[PDB]
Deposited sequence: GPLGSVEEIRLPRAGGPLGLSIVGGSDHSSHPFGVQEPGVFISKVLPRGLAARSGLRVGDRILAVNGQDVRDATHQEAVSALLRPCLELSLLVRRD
């Protein structure tokens, strides 16, 4: 498998899509956790190395393994210069 920390520079859009949470279904993948369902090709996420499939373990150091969808969204939009995402791949 693999684990990677991705640093995304940042207000405007991330160019990713998430599914999952402790409260919703990961319809594309009953796997628990928040998952990147989609990556805008040539978007911020895409370029920065993010990949469809990646499970989001943590946003700017906040454990979101067990996060709800809304909590993961909240954390992904908190204002910041550097958005740091720890993900698992494969």
Expected output for missing-CA ranges on the deposited sequence is 1-3, 14, 34-35
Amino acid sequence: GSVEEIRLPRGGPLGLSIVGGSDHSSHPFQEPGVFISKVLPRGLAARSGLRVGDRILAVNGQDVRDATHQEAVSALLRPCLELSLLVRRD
From here on, numbers count along this sequence of modelled residues.
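Between two forms, the rigid core is the largest collection of C-alphas that superpose within 1.5 Å.
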Of the two stretches 63-71 and 13-21, CA positions deviate more in 8 other deposited structures of this protein after rigid core alignment for 13-21
Practice prompt. Check whether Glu31 goes without coordinates in at least a third of the other compared PDB entries of this protein that model residues on both sides of it.
Written response: yes
- Query: Coordinates for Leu76 lacking in at least a third of the other PDB entries compared?
  - Reply: no
Going by the entry, of stretches 42-50 and 57-65 the one with greater average Cα B-factor is 42-50
Going by the entry, of stretches 74-82 and 20-28 the one with greater average Cα B-factor is 20-28
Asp90: CA B-factor among chain residues, third -> highest
